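These notes are about the structure you will find just below.
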Amino acid sequence: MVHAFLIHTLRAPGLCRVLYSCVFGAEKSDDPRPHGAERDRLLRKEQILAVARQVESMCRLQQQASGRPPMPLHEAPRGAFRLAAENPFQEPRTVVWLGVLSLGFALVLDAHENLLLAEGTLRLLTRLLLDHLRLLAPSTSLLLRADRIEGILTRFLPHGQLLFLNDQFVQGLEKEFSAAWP
Amino acid sequence: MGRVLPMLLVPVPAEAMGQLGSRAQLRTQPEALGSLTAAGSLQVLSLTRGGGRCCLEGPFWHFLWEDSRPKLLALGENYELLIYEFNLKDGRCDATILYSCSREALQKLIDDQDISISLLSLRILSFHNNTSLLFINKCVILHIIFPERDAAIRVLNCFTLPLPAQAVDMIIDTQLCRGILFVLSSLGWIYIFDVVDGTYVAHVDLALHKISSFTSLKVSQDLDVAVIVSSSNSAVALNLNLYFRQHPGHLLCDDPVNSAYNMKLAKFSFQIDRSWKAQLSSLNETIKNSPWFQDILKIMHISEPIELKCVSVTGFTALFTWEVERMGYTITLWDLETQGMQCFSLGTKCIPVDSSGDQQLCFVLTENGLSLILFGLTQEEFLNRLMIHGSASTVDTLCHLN
Amino acid sequence: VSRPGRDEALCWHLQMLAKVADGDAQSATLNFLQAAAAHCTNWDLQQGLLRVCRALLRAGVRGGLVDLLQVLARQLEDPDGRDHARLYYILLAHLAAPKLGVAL
Amino acid sequence: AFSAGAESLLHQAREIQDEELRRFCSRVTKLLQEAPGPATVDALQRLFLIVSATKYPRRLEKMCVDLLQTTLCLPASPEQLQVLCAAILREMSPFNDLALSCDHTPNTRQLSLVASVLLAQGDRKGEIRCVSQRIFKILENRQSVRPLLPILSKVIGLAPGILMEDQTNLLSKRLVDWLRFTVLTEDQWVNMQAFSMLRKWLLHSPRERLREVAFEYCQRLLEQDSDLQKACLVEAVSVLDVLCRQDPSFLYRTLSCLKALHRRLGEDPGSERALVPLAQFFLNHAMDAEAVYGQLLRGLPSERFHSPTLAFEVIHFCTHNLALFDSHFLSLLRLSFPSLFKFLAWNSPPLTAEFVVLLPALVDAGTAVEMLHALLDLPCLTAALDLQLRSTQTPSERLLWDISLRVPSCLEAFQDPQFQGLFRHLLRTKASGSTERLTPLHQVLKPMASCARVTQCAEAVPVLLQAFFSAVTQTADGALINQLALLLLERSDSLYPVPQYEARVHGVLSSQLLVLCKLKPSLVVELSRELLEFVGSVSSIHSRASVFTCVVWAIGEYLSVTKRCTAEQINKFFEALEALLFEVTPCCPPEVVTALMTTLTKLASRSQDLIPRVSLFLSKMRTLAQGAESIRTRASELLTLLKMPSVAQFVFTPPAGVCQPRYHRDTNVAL
């Protein structure tokens, strides 16, 4: 599974506020108070924000205590973690990250999902977002142009599921999406 | 090893014990020891020397001394309530009658509250600060007040029991414990009402705790533990907080932005500040660490006591009284937390004296007189503690008196 | 005693608490001290706190203190403060009023 | 990256005025019903930004909401607008005003968009069942079905049974026919989706042909092209383990497959991560205790401790199947703990919140006397591994290490034959006998003991110590108690000088030796010589300023008259205390003075003669005194309160029940 895909800022060795928080599902919810919208929205927002903070902590601590070119495909920081029930998830989940520059994209995946596939897919997606959208100066192209991100994930990441795409199948999806936008 | 520690801090000859009643009650201070004779005469043995007896004659079958945690108030056969004052100045067992109430006036006061019921029986519940609570007709909890300047007895509150007449007339005990007025119905329920407002603030399912005929129930002075003694010499004690929660069906009683949302997202609630330095404190705390009345603002069977009326119940202890003609008086002590019992057998000429106060140690009137029964205290240990507390004169007195 | 007792200036509060505690306002002081018990990690505050308890000792307060001193003795950090509380709790629980002023 | 213009756009999207919001909704109304051109997208993007970046609900004018819903229901809309509207309705959720429907658009991609709109609601109005049934009905005709399969997968992720048995078998046969090439056309296009959710499908939920082709397709993802190969090996092993779980006979098949793979999986660098699922499969269905499990416990962490994700996998396998641990597995995990400590040295942040659970799960009878030292020498373990990296790496690849600090002294000391055996014990893969004090190696590793990674490892030792003690404080006997006491008495001032390390090990060890003493009061009695030497030395109070208080308090209180005690031991201990008090009066703090007064005056009230000694010397110390105020005042509690012997004889040796809050109210009931 993948509960959500993220793009969030990463501080340098200012709160970490998710620029793009796509939640790929819902959770069962019953309080005696009638089922509202404020409660559910605030829950499904604070969970993702907490995951973003945890990935920021992991990335920063990895940066100081790695020594690997302190401050590039396999040269970016990578790692994994595990969450805490009721702080704030129901079913506990693993968190996968791969930070580039200052845009740490994360994946909240269930314990019955492949880790190596998660890291490979997050790598390919962050390459695609760095190139197709090219926000390495006009960062406004990431918030006012959220439709590009929406298109990219809706093509490659259908409904919180990871695919074992290979050269021929990536060629097929490249034939699919390349011309859909100018 | 619970035989006795039977001390005696004042003597009383058996000449008066041949004249006193079968049950008695003592003030917190040594003010009197009044006992009820079967002939209706109220005998008061002043154990405040020589100790002569005073007699109060009438058709009295219920009374209670002024328990200010002696001013005796009693109701006759004609449902006429009287208040007589006894003064123990210099050993003079002299008494005077201060306040009297007639049955016609009581019915008039009951009717003036729009209660279309004739007073058939009045059972007392308390007498504090000249204010008396009475469960009139077993249904109307009329809180009388006999105020200063000979003001008439007017009910400052009169709330009918929020229950049907099917169980309203089957009430037994009316106990006031810091305002949580409990009325016990003999069928096995305790409708905890509040004398301040009258609401059915809660309800306790004594039946769900699983005999019958709950004769009396004792409330701890902190409203913490309640023990109900039926007419079958059986007492069961369960915790109010646990007995209201474990069966709650019967109980009718970036930094901030995500944190306050954790306060209002109540499906779950984060625990959020999700670093990798304050997530170790959580592990440390988990490893290290690994009531009911707030909203309403084993079993004792001695293998038959006549009147198994527990004297008082504290947070961690419970003391009871049992008297039998065949063998004498059996005094019981139960530890609420430790679940231990100490039962001692005494002589056949001895009756309890309910210390209507703070000292809940069984002060049994024995043949020689006053006798405070304790547990576990050796004579050497007790006298040593007195000496470590005061002079040797007290130790000499307590060693010589026996 | 107005504050719940979660401040970092507890080491400065307890000094006044000891210098002023008496038998007038019991329950509020006991509640404040009970709350502050969890916020004492260094020996200095753990001695100011029992200075407060000793002040109550000298005042003569009897009831409830059999539990405040008990909880302090049972739930502090340094052994010396806990033994201090044990001794002072024993002194209040087993002494008559004058002998405490003459034998404590 | 992060432009201030981007931050301004986000702040504007968050704090858009209500009147401005109404104006924007009106613009959307007049602009969507009109000819939707580039203005349509140029406004929809801003609408998405202003709705997404607001946590609190934004229930704008209804007309906009119905316009978006109808646009989703309007087939003439382009792909861009349809996707953006689907995001609009999949982010604004959950609303109780779900005017949408589950059969409002015929297009299959638009059907996927509608499903994404619907599923983000929740079970507040029975939605998920409706969406699942509608998807099944829409798929009941010819399908294609490949685009909508992810919605199916997510639904079964959130709803395990609403797919009816007939519908479930329909999905099963569809997937089986959809199985078939491999990574190493429309048919292969559906094969990719068939592989992409096989494990979840098996967990939540022709068949002979299924066993012929698709059942072997799990390994065919790997066996039957480099990074995806790594990403697919783990999936293959996990799917094999899932088949073992759903089929007991498959456990032996997967075990045999792992044994066959052991030719290379145990010898191919860069493929070590595939053994963690193999280890899990062996635990749920035990691997080679020497080769496979041996590498998993002690082989891997001594060679590849610098990969922060591999270490998480290893220790998470260790802490996720501790419940199903076996006796032999327990012995194995109890054998190689110094090597498992390598990960905590190198990869502490993602593994300590995991050792806190693991540590009480491998406690042995006698390993504690060495395990405390293993925990004590952990920052030095990190520093030794860092030197190991600096002295074995080709300069070309050396980026996967730290060679960016003070090398020369430590590297020279590595080749210095004075320290050729102690390092081979600190860096050991095993602990089968205690070693010497790390003071020499501590002086060796002065230059690096302040690395970032060593400082990281230094912060996970206190909590692990607490876990270990709380697992042993409840599992101790006499020999263990005495050994631990001696261990702390030694290690008090014998620690690696990593900043802010000894200040925590001191606290834990002292405040838990207190716990041991309260577990057995006779610790001070049986420990005459060591404690006597310690108190008699001024240097103990001059270098252990916060542990000395504990030992002097324990000695002062636990010299109790009430069968191995002798009357002269009190006098000998009093001699040690008298010498210490005379000599003393980080040096001894204002706490040691008061504790010393307390110990002396409360140890001389158990001796008949020593009361005059107090009146001569402790009275003198009071008079000279007449944290200094506390020192002056403390002694009164056994000078004035021990002048009288009867009261003082018993208070200082109280019974077992002065602590529980109701044990004495009857003891003043004797008047």
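Residues are named by chain letter and number: chains run A, B, ... in the order of the structure tokens, numbers start at 1 in each chain, and ligands are numbered from 1 in the order shown.
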Given only C-alpha atoms, how would the per-residue table for chain B near chain D read, listing every residue at most 7 Å away with its closest atom pair and distance in Å to one decimal, sorted by chain and number, as CSV?
```
residue,atom,partner,partner_atom,distance
B:7,CA,D:670,CA,6.2
B:9,CA,D:671,CA,6.2
B:276,CA,D:349,CA,6.0
B:280,CA,D:353,CA,6.4
B:283,CA,D:356,CA,6.6
B:284,CA,D:463,CA,6.0
B:287,CA,D:467,CA,6.6
B:316,CA,D:662,CA,6.3
B:361,CA,D:669,CA,6.7
B:374,CA,D:669,CA,5.9
B:375,CA,D:666,CA,6.9
B:377,CA,D:667,CA,6.0
B:382,CA,D:670,CA,6.1
B:388,CA,D:647,CA,5.4
```
Requested in this report: Using only C-alpha atoms, determine which residues of chain D fall within 8 Å of chain C; present them as a PyMOL selection string.
Outcome: chain D and resi 511+514+549-550+553+591+595+627+630+636-637+640-641+651-652+659+661
I need the chosen residues saved as a PDB file, in the first residue's frame, with N, CA, C and O atoms.
```pdb
ATOM      1  N   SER D 511      21.240   5.990  40.387  1.00  0.00           N
ATOM      2  CA  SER D 511      19.855   5.924  40.817  1.00  0.00           C
ATOM      3  C   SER D 511      19.271   4.537  40.656  1.00  0.00           C
ATOM      4  O   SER D 511      18.164   4.293  41.146  1.00  0.00           O
ATOM      5  N   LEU D 514      20.639   2.522  43.777  1.00  0.00           N
ATOM      6  CA  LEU D 514      19.625   2.756  44.805  1.00  0.00           C
ATOM      7  C   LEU D 514      18.516   1.721  44.716  1.00  0.00           C
ATOM      8  O   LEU D 514      18.062   1.201  45.738  1.00  0.00           O
ATOM      9  N   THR D 549      26.983  10.879  47.195  1.00  0.00           N
ATOM     10  CA  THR D 549      25.789  11.083  48.002  1.00  0.00           C
ATOM     11  C   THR D 549      25.029   9.778  48.193  1.00  0.00           C
ATOM     12  O   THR D 549      24.598   9.455  49.306  1.00  0.00           O
ATOM     13  N   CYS D 550      24.893   8.991  47.125  1.00  0.00           N
ATOM     14  CA  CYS D 550      24.108   7.764  47.195  1.00  0.00           C
ATOM     15  C   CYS D 550      24.741   6.750  48.137  1.00  0.00           C
ATOM     16  O   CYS D 550      24.057   6.164  48.986  1.00  0.00           O
ATOM     17  N   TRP D 553      24.600   7.904  51.792  1.00  0.00           N
ATOM     18  CA  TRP D 553      23.242   7.776  52.311  1.00  0.00           C
ATOM     19  C   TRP D 553      22.883   6.320  52.586  1.00  0.00           C
ATOM     20  O   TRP D 553      22.299   6.003  53.632  1.00  0.00           O
ATOM     21  N   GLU D 591      26.118  18.763  48.903  1.00  0.00           N
ATOM     22  CA  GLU D 591      25.294  17.603  49.215  1.00  0.00           C
ATOM     23  C   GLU D 591      26.071  16.552  49.992  1.00  0.00           C
ATOM     24  O   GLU D 591      25.513  15.891  50.879  1.00  0.00           O
ATOM     25  N   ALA D 595      25.002  14.821  53.597  1.00  0.00           N
ATOM     26  CA  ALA D 595      24.859  13.374  53.643  1.00  0.00           C
ATOM     27  C   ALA D 595      25.866  12.748  54.599  1.00  0.00           C
ATOM     28  O   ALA D 595      25.560  11.759  55.270  1.00  0.00           O
ATOM     29  N   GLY D 627      24.078  25.631  50.078  1.00  0.00           N
ATOM     30  CA  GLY D 627      23.990  24.276  50.586  1.00  0.00           C
ATOM     31  C   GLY D 627      24.688  24.094  51.919  1.00  0.00           C
ATOM     32  O   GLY D 627      24.746  22.990  52.453  1.00  0.00           O
ATOM     33  N   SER D 630      21.857  23.778  54.791  1.00  0.00           N
ATOM     34  CA  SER D 630      21.352  22.415  54.886  1.00  0.00           C
ATOM     35  C   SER D 630      22.358  21.509  55.584  1.00  0.00           C
ATOM     36  O   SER D 630      21.975  20.634  56.368  1.00  0.00           O
ATOM     37  N   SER D 636      20.865  17.652  63.009  1.00  0.00           N
ATOM     38  CA  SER D 636      20.003  17.731  64.179  1.00  0.00           C
ATOM     39  C   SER D 636      19.122  16.499  64.308  1.00  0.00           C
ATOM     40  O   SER D 636      18.866  16.045  65.427  1.00  0.00           O
ATOM     41  N   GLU D 637      18.712  15.914  63.179  1.00  0.00           N
ATOM     42  CA  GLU D 637      17.768  14.804  63.154  1.00  0.00           C
ATOM     43  C   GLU D 637      18.320  13.533  63.779  1.00  0.00           C
ATOM     44  O   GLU D 637      17.557  12.583  63.975  1.00  0.00           O
ATOM     45  N   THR D 640      19.857  15.876  68.162  1.00  0.00           N
ATOM     46  CA  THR D 640      18.797  16.143  69.126  1.00  0.00           C
ATOM     47  C   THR D 640      17.815  14.980  69.185  1.00  0.00           C
ATOM     48  O   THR D 640      17.342  14.612  70.267  1.00  0.00           O
ATOM     49  N   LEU D 641      17.515  14.380  68.039  1.00  0.00           N
ATOM     50  CA  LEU D 641      16.586  13.263  67.967  1.00  0.00           C
ATOM     51  C   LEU D 641      17.245  11.925  68.257  1.00  0.00           C
ATOM     52  O   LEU D 641      16.573  10.893  68.187  1.00  0.00           O
ATOM     53  N   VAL D 651      13.010   4.661  65.056  1.00  0.00           N
ATOM     54  CA  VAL D 651      12.660   5.443  63.874  1.00  0.00           C
ATOM     55  C   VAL D 651      13.629   5.156  62.736  1.00  0.00           C
ATOM     56  O   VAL D 651      13.216   4.907  61.597  1.00  0.00           O
ATOM     57  N   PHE D 652      14.931   5.157  63.030  1.00  0.00           N
ATOM     58  CA  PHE D 652      15.958   4.952  62.018  1.00  0.00           C
ATOM     59  C   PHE D 652      16.019   3.518  61.515  1.00  0.00           C
ATOM     60  O   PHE D 652      16.766   3.243  60.572  1.00  0.00           O
ATOM     61  N   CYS D 659       5.468   3.174  54.254  1.00  0.00           N
ATOM     62  CA  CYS D 659       5.310   3.760  52.925  1.00  0.00           C
ATOM     63  C   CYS D 659       3.860   3.765  52.448  1.00  0.00           C
ATOM     64  O   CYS D 659       3.349   4.811  52.035  1.00  0.00           O
ATOM     65  N   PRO D 661      -0.007   4.231  52.337  1.00  0.00           N
ATOM     66  CA  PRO D 661      -0.627   5.373  53.028  1.00  0.00           C
ATOM     67  C   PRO D 661      -1.589   5.007  54.146  1.00  0.00           C
ATOM     68  O   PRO D 661      -2.079   5.916  54.828  1.00  0.00           O
TER      69      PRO D 661
END
```
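Within 10 Å of chain A, and using only C-alpha atoms, the residues found on chain B are residues 254, 255, 257, 258, 259, 260, 261, 262, 263, 264, 265, 266, 267, 268, 269, 270, 271, 272, 273, 274, 275, 276, 277 and 279 of chain B.
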Excluding residue 181 of chain B and its own-chain neighbours fewer than 5 positions away, which residues fall within 6 Å of it when counting only C-alpha atoms? Please give them as a tab-separated table (two decimals) with N, CA, C and O atoms, in the first residue's frame.
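Dumped to around12.tsv:
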```
chain	number	residue	atom	x	y	z
B	175	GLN	N	-28.73	7.87	54.22
B	175	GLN	CA	-27.38	8.20	54.68
B	175	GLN	C	-26.89	9.45	53.97
B	175	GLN	O	-26.86	9.50	52.74
B	176	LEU	N	-26.49	10.45	54.75
B	176	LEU	CA	-25.91	11.67	54.21
B	176	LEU	C	-24.40	11.63	54.42
B	176	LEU	O	-23.93	11.61	55.56
B	192	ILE	N	-28.56	7.34	44.40
B	192	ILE	CA	-27.72	8.41	44.93
B	192	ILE	C	-28.29	9.72	44.41
B	192	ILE	O	-28.12	10.06	43.23
B	193	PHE	N	-28.97	10.45	45.27
B	193	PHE	CA	-29.46	11.78	44.99
B	193	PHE	C	-28.59	12.82	45.69
B	193	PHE	O	-27.76	12.50	46.53
B	194	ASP	N	-28.79	14.07	45.32
B	194	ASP	CA	-28.07	15.18	45.91
B	194	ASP	C	-29.04	16.06	46.69
B	194	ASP	O	-30.01	16.56	46.12
B	195	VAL	N	-28.77	16.24	47.98
B	195	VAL	CA	-29.64	17.06	48.82
B	195	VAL	C	-29.63	18.52	48.38
B	195	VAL	O	-30.57	19.26	48.69
```
Could you make a table, as CSV, of the residues of chain B that have an atom within 8 Å of an atom of chain C, each with its nearest atom pair and distance in Å to one decimal, counting only C-alpha atoms, in chain and number order?
```
residue,atom,partner,partner_atom,distance
B:385,CA,C:94,CA,7.1
B:388,CA,C:95,CA,6.8
B:389,CA,C:95,CA,4.4
B:390,CA,C:96,CA,6.3
```
Report task. List every residue of segment 16-88 of chain C that DSSP, applied to the backbone of this structure, places in alpha helix (DSSP H), and write the result as number ranges by chain. Result -> C: 16-20, 26-36, 43-59, 65-74, 79-88
Based on the selection just made, write N, CA and C atoms of those residues as a compact mmCIF listing (two decimals), in the first residue's frame.
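After the write, selection.txt holds the following:
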```txt
# COMPACT_ATOMS: atom_id res chain seq x y z
N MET C 16 10.36 30.48 49.02
CA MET C 16 9.27 31.20 49.66
C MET C 16 8.27 30.25 50.30
N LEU C 17 7.95 29.15 49.61
CA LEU C 17 6.99 28.21 50.18
C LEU C 17 7.46 27.73 51.55
N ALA C 18 8.74 27.41 51.68
CA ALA C 18 9.28 27.02 52.97
C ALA C 18 9.26 28.18 53.95
N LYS C 19 9.59 29.38 53.48
CA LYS C 19 9.69 30.52 54.38
C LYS C 19 8.34 31.04 54.84
N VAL C 20 7.23 30.52 54.30
CA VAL C 20 5.92 31.07 54.62
C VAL C 20 4.91 30.01 55.05
N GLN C 26 -4.48 25.05 53.90
CA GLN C 26 -3.89 23.72 53.83
C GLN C 26 -4.01 23.12 52.44
N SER C 27 -5.25 22.95 51.96
CA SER C 27 -5.49 22.12 50.78
C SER C 27 -4.81 22.68 49.54
N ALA C 28 -4.83 24.01 49.38
CA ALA C 28 -4.18 24.62 48.23
C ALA C 28 -2.68 24.36 48.23
N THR C 29 -2.05 24.55 49.39
CA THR C 29 -0.62 24.30 49.50
C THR C 29 -0.30 22.84 49.23
N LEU C 30 -1.10 21.93 49.77
CA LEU C 30 -0.86 20.51 49.54
C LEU C 30 -0.99 20.16 48.06
N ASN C 31 -2.00 20.71 47.39
CA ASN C 31 -2.16 20.46 45.96
C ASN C 31 -0.97 21.00 45.17
N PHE C 32 -0.54 22.23 45.48
CA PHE C 32 0.58 22.82 44.75
C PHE C 32 1.84 22.01 44.96
N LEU C 33 2.11 21.60 46.20
CA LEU C 33 3.29 20.82 46.49
C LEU C 33 3.23 19.46 45.80
N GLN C 34 2.04 18.84 45.76
CA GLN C 34 1.89 17.57 45.08
C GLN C 34 2.19 17.70 43.60
N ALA C 35 1.71 18.78 42.98
CA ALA C 35 2.02 19.02 41.58
C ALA C 35 3.51 19.24 41.37
N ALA C 36 4.14 20.00 42.27
CA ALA C 36 5.55 20.31 42.12
C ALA C 36 6.45 19.11 42.37
N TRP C 43 19.02 18.32 43.50
CA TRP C 43 19.02 18.26 44.96
C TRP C 43 18.55 19.57 45.59
N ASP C 44 18.78 20.71 44.93
CA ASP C 44 18.45 22.00 45.52
C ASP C 44 16.94 22.15 45.74
N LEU C 45 16.15 21.88 44.70
CA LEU C 45 14.70 21.93 44.84
C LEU C 45 14.21 20.83 45.77
N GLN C 46 14.85 19.67 45.72
CA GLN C 46 14.49 18.58 46.61
C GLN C 46 14.83 18.87 48.06
N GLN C 47 15.61 19.91 48.35
CA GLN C 47 15.74 20.34 49.73
C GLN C 47 14.85 21.52 50.08
N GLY C 48 14.59 22.41 49.12
CA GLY C 48 13.59 23.45 49.37
C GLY C 48 12.22 22.86 49.68
N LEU C 49 11.86 21.78 48.98
CA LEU C 49 10.56 21.15 49.18
C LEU C 49 10.41 20.60 50.60
N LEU C 50 11.42 19.87 51.08
CA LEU C 50 11.33 19.41 52.45
C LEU C 50 11.55 20.52 53.45
N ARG C 51 12.15 21.63 53.05
CA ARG C 51 12.10 22.80 53.92
C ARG C 51 10.66 23.24 54.12
N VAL C 52 9.86 23.19 53.05
CA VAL C 52 8.43 23.50 53.17
C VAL C 52 7.75 22.51 54.12
N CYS C 53 8.04 21.22 53.93
CA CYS C 53 7.42 20.20 54.78
C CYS C 53 7.81 20.37 56.24
N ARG C 54 9.07 20.73 56.50
CA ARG C 54 9.51 21.01 57.86
C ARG C 54 8.81 22.24 58.43
N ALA C 55 8.55 23.24 57.59
CA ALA C 55 7.79 24.39 58.06
C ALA C 55 6.39 23.98 58.49
N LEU C 56 5.75 23.10 57.71
CA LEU C 56 4.44 22.58 58.10
C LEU C 56 4.53 21.79 59.41
N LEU C 57 5.52 20.90 59.51
CA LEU C 57 5.88 20.24 60.76
C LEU C 57 5.83 21.19 61.94
N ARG C 58 6.63 22.25 61.86
CA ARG C 58 6.70 23.21 62.96
C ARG C 58 5.36 23.88 63.21
N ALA C 59 4.60 24.16 62.15
CA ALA C 59 3.29 24.78 62.32
C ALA C 59 2.36 23.89 63.14
N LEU C 65 -1.28 15.72 55.71
CA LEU C 65 0.17 15.75 55.65
C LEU C 65 0.75 14.36 55.82
N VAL C 66 0.05 13.49 56.56
CA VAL C 66 0.38 12.08 56.59
C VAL C 66 0.38 11.47 55.19
N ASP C 67 -0.16 12.18 54.20
CA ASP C 67 -0.07 11.75 52.82
C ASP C 67 0.82 12.65 51.97
N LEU C 68 0.88 13.96 52.23
CA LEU C 68 1.78 14.80 51.46
C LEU C 68 3.23 14.43 51.71
N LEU C 69 3.62 14.34 52.98
CA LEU C 69 4.97 13.92 53.31
C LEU C 69 5.21 12.50 52.83
N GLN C 70 4.19 11.66 52.90
CA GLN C 70 4.35 10.29 52.45
C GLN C 70 4.67 10.23 50.96
N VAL C 71 3.94 11.01 50.16
CA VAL C 71 4.15 11.00 48.71
C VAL C 71 5.49 11.62 48.36
N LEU C 72 5.89 12.68 49.08
CA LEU C 72 7.22 13.24 48.85
C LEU C 72 8.31 12.23 49.15
N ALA C 73 8.19 11.52 50.28
CA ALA C 73 9.19 10.52 50.63
C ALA C 73 9.20 9.37 49.64
N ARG C 74 8.06 9.05 49.04
CA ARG C 74 7.98 7.90 48.16
C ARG C 74 8.26 8.23 46.70
N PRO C 79 18.16 10.11 47.20
CA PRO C 79 17.84 9.38 48.44
C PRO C 79 17.83 10.26 49.67
N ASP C 80 18.66 11.29 49.71
CA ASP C 80 18.78 12.10 50.91
C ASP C 80 17.48 12.85 51.19
N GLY C 81 16.86 13.42 50.15
CA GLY C 81 15.59 14.09 50.35
C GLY C 81 14.49 13.15 50.81
N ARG C 82 14.47 11.93 50.26
CA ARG C 82 13.47 10.95 50.66
C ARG C 82 13.64 10.55 52.13
N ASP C 83 14.89 10.33 52.57
CA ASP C 83 15.11 10.02 53.97
C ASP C 83 14.75 11.21 54.86
N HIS C 84 15.05 12.43 54.40
CA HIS C 84 14.65 13.63 55.12
C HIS C 84 13.14 13.64 55.35
N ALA C 85 12.38 13.37 54.29
CA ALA C 85 10.93 13.33 54.39
C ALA C 85 10.46 12.23 55.32
N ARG C 86 11.09 11.05 55.25
CA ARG C 86 10.68 9.96 56.14
C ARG C 86 10.83 10.37 57.59
N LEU C 87 11.98 10.96 57.93
CA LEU C 87 12.21 11.37 59.31
C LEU C 87 11.19 12.42 59.75
N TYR C 88 10.93 13.41 58.89
CA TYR C 88 10.03 14.48 59.30
C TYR C 88 8.58 14.01 59.38
```
